[PDB]
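# Coordinate inspection notes
Read off the chains here:
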Amino acid sequence: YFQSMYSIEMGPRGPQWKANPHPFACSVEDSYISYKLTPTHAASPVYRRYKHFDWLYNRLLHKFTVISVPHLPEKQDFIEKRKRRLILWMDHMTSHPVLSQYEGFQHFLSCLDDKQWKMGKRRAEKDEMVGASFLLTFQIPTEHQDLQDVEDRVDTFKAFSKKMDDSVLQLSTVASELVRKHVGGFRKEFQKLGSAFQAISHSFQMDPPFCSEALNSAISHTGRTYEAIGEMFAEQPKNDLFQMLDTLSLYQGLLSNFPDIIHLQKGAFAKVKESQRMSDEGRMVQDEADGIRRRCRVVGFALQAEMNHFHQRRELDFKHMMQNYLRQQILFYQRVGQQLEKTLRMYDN
Amino acid sequence: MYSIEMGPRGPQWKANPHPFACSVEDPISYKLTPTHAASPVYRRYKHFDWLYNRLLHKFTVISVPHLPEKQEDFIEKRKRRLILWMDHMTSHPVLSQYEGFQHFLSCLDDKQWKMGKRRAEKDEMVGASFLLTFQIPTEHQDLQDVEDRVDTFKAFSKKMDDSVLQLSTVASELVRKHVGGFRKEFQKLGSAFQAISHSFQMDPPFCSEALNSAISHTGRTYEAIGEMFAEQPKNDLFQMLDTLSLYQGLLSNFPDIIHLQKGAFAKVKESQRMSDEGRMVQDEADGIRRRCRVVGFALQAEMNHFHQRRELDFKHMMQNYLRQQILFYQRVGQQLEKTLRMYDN
């Protein structure tokens, strides 16, 4: 036809991406690993390798200037961690109103024949560098008429994204330390205690007619119990901390896109003030300076729609992150207590 | 007044005909309320120390519970360890019937207090003279069998002294971990949660205060859990250390007593060997064997009683510790559940 046109609509939070009219989701599952991808809109599953993921990712970066594109996991439990984060990546892709409609993404998810695969790759390599469309569905209010008010919005988001990048990094660092603290210090303390309870028991077995075999076994049971709890601490991060880190990792990449995204838009804001001022001196034509203004305005709404979409996904993802972490901790400490109440019952006899 | 009788586990102290208990309260003067006394009695630590030094001079073959140190949690831990000391005293068949101990509990006067004090000072029967107080069994046990029993207890007491020291060391380290390490990690986690929430408040119209409040609630929760860990040793670890301290004092009483017994067995074989060679009068060699038989009975009774209390106190120790650990991790789980509902719905 002509070109794809992404729409920006007004909403409760202000400018937002109009939803994908043809929504879908995609599951990721299983010396070359070919991940089995099953999108909702396809009749047959699709097998793609990280190499193919990396191809698409590079295509996305060159295509979308104002949109934050989710980062892939490292190129180099690495295998398991990769799949968890490819899933998180995929979900963020499918739930993004613009990224989910990208033709290169569609070719990535639908193409079966390998002969058509090569063609569809080169076909997506000539678009981009075509930048964007961004039609605006609503009518421009009197509040958004000043690009100054829009630029002030961008500045507050920059400062926000800076401290969020700090808090996320700090939390991700703390979590990774807890993992080692769980495999190390936590396990060690419970195992020194259990080893001590075993030492007490062994000493109590050195006088056969004057010692109770029941008590000596109970204390010995508590010894093995605490030594088993130590192993529970060591095996716990895989249930709660790992998934939290995966979530934080997703937002490391999203937040890392913003510095450049914001830099571009502030450059457009300066180009507007420059073009207009130059048009006031007489060294610039007015209608050309008008085109700069109106274009900067439209992509300003796009950015506003993206920051809006970021907050929307953030609130969903962080809610589920805290919930999932706490539910597991609750389970973990419940399991701990049951071990203790199991070994306490040994002393009833 | 004292007697040693045979039993299922062998030689043992005859039970106190008039058993009792004594509560210790802190209204420094301690409020002591003997259950068999008509009126409560107030005593300071110096009074305990006086009584303690009387027991050392009096009962040589008996293992006397050590008094807590004379020189934070100090002065509070003394109250706990004086209770354990008192309980061991009133539950000992010999020590509980001691006249000076009864004077220490049932003297509500003051002039009579100084009098009874002197009464215990100039006691004719002490040490080796105390051995003529209690009567032994009429049964005859092989002297070699007794020595083997003592030697078995010697090996046991040494290994237990180590295992107790091991657990005592581990527990003391656990107290510091609770105040330091365990608290710190929770404090770090909640602090990070706090920062996340704070950073979420930097873009006011676009961020949910409901979510930020829940996140910062979880932060204050994990910080609260940190302080719970810091306060926890007072509920379980402190009590366990008090029990181990009690038995470290008891196990230290034995080496000297055992050594005296080993010397008693030695002089029996010694005197008899030379009595046969005509180097000593047999009647005097008999008096040595007789003396060894008596002290051997007293030691077996003490070793039996030590085991009797050991299995009780350690059963209760392990029970009290576990029960408090259980309650602790339940209270933690409640803190976590309380903060999870903040994310509803």
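Residues numbered from 1 in each chain as written, not as in the entry; some residues may be left out. Chains lettered and ligands numbered in written order. Heavy atoms only, no water. Residues with missing side-chain atoms left out of burial classes, pairs and counts.

Structure determination for this PDB entry was carried out by X-ray crystallography, with a resolution of 2.651 Å recorded in the header.

Looking at the PDB entry, one finds chain B named SORTING NEXIN-33 and attributed to Homo sapiens. Per the PDB header, the entry is named "Crystal structure of human sorting nexin 33 (SNX33)". Word for word, the UniProt comment on chain B under Subunit is "Homodimer (via BAR domain). Interacts with ADAM15. Interacts with FASLG. Interacts (via SH3 domain) with DNM1 and DNM2. Interacts with WASL. Interacts with FCHSD1 (via the F-BAR domain) (By similarity)." (UniProt positions renumbered as here; feature names shortened; annotations may be inferred.)

Chain A is annotated in the PDB entry as SORTING NEXIN-33 from Homo sapiens. If you open the UniProt record of chain A and go to Subunit, you find "Homodimer (via BAR domain). Interacts with ADAM15. Interacts with FASLG. Interacts (via SH3 domain) with DNM1 and DNM2. Interacts with WASL. Interacts with FCHSD1 (via the F-BAR domain) (By similarity)."

## Here we look at empty space enclosed by the protein
Taken as a whole, the largest cavity spans an internal volume of roughly 140 Å³. Lining the largest cavity are 15 residues, with A:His182, A:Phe186, A:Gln329, A:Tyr333 and B:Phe186 positioned closest to its centre. Listed by contribution, the elements that provide at least two residues to the lining of the largest cavity are α5 (147-203) and α8 (286-344) of chain A together with α6 (181-199) and α7 (209-231) of chain B. A class-by-class count of the residues in the lining of the largest cavity yields 12 nonpolar, two polar and one charged. Of the pockets and cavities examined, the second largest cavity occupies roughly 90 Å³. (1 Å grid on protein atoms, 1.4 Å probe; cavity = no way out; pocket = protein on both sides within 12 Å on 5 of 7 lines; lining within 4 Å. Points joined across faces, edges and corners; volume = space filled by probe spheres on them. Helix = DSSP H or I, 4+ residues; strand = E, 2+ residues; numbered from the N terminus. Nonpolar A, V, L, I, M, F, W, Y, C, P; charged D, E, K, R; others polar.)

## Description of the environment of B:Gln239
All names here are of chain B. Take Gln-239: it is sitting in helix α8 (residues 237-276). Using a relative accessible area of 33% as the deciding quantity, one classes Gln-239 as partly exposed. On a C-alpha basis, the gap between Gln-239 and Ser-216 in space is 35 Å, while along the polypeptide they are 23 residues apart. Discounting residues that sit within four places of it in the chain, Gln-239 has contacts with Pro-233 and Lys-234. Among the polar contacts made by the side chain of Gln-239, one reaches the main-chain carbonyl oxygen of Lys-234 at a distance of 3.0 Å. Only 3.2 Å separates the side chain of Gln-239 from the backbone nitrogen of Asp-236, close enough to count as a polar contact. (Buried < 20%, exposed > 50% of the residue type's maximum accessible area, 1.4 Å probe, protein only. Contact = heavy atoms within 4.5 Å. Polar contact = N/O pair within 3.5 Å; in protein donor to acceptor, adjacent residues only side chain to side chain.)

## Looking at the sheet that holds strand β1 (residues 7-9) of chain A
All names here are of chain A. The mixed open sheet is built from three strands, whose spatial order is β2-β1-β6. Only two strands of the sheet have a single neighbouring strand rather than two, namely β2 (16-17) and β6 (135-136). Alignment of β1 against β6, held across two bridges, turns out to be parallel. Bridge pairing links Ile-8 to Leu-136 in β6. (Pairing = 2+ DSSP bridges.)

## A look at the pattern of salt bridges
Counted according to the given criterion, the structure contains 37 salt bridges over all chains. Ionic pairing is found between A:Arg84 and A:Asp77, a salt bridge with its closest N-O pair at 3.4 Å. On the basis of relative accessible area, A:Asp77 is assigned to the partly exposed category, the value being 48%. Here A:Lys192 and B:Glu173 are joined by a salt bridge, their closest N and O atoms 3.7 Å apart. (Salt bridge = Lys/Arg side-chain N within 4 Å of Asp/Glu carboxyl O.)

## Examining the domain arrangement of chain A
Residues and elements named next belong to chain A. Entries for chain A in the domain assignment read domain 1 (1-118) and domain 2 (160-349). Look at where the C-alpha atoms of domain 1 and domain 2 centre, and you get two points 25 Å apart. Of the residues lining the interface, 22 residues belong to domain 1; the matching set on domain 2 comes to 24 residues. Regarding the contact of domain 1 and domain 2, the summed buried area is about 2,100 Å², with carbon and sulfur atoms giving 58% of it. Summed over the shared surface of domain 1 and domain 2, the result is two salt bridges. Between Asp-246 and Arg-84 there is a salt bridge; the shortest N-O distance is 2.7 Å. Connecting domain 1 to domain 2 are 15 residue pairs in polar contact. Per-element tally for the side of domain 1 that touches domain 2: the top contributor is helix α2 (residues 78-94), with five residues. Residues belonging to the side of domain 1 that touches domain 2 are distributed by class as follows: nine nonpolar, eight polar and five charged. (Domains from an automatic or database assignment. Buried area = accessible area lost by both parts, 1.4 Å probe.)

## Some details on the interface of chain B and chain A
Opposite the 60 residues of chain B that make contact, chain A presents 60 residues. The element contributing the most residues to the side of chain B that touches chain A is helix α9 (residues 282-340) of chain B, with 21 residues.

## A short note on the domain arrangement of chain B
All names here are of chain B. Structurally, chain B comprises domain 1 (1-114) and domain 2 (156-345). Of note, the centres of domain 1 and domain 2, computed from C-alpha atoms alone, are 24 Å apart. In this complex, domain 1 contributes 23 residues to the contact, which on the side of domain 2 involves 21 residues. Looking at the side of domain 1 that touches domain 2, the elements with two or more residues in it are β2 (12-13) and α2 (77-90). When residues of the side of domain 1 that touches domain 2 are assigned to their parent elements, the largest contribution, five residues, is made by α2. For the side of domain 1 that touches domain 2, a count of residues per class yields 10 nonpolar, eight polar and five charged.

## A look at the packing of helix α1 (residues 50-63) of chain A against helix α3 (residues 103-110) of chain A
Residues and elements named next belong to chain A. The interhelical angle for the contact between α1 and α3, taken along N-to-C directions, is 165°, at an axis separation of 10 Å. Between α1 and α3, the interaxial angle falls into the category roughly antiparallel. For the crossing formed where α1 meets α3, the hand is right-handed. Between α1, through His-52, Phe-53, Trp-55 and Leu-56, and α3, the contact on the second element is made entirely by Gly-104, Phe-105 and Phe-108. The class makeup of the residues in the contact of α1 with α3 is five nonpolar, two polar and no charged. (Axes fitted to C-alpha atoms, helices over the stretch in contact; angles between N-to-C directions. Parallel < 35°, antiparallel > 145°, perpendicular 65-115°, else oblique. Left-handed = near helix turned anticlockwise from the far one by under 90°.)

## Side note on the sheet that holds strand β4 (residues 30-34) of chain B
Residue and element names in this part refer to chain B. The three strands lie next to each other as β3-β4-β5, forming an open sheet whose pairing is antiparallel. With one partner strand each, in any of the chains shown, β3 (22-25) and β5 (41-43) form the two edges of the open sheet. Adjacent strand axes in the sheet meet at a mean angle of 30° when their direction is disregarded. In terms of strand pairing, β3 meets β4 through four bridges, oriented antiparallel. Along β4, the bridge assignment pairs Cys-22 with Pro-34. Lying over the sheet, α2 contacts β3 and β4, oriented at roughly 170° with respect to β3.

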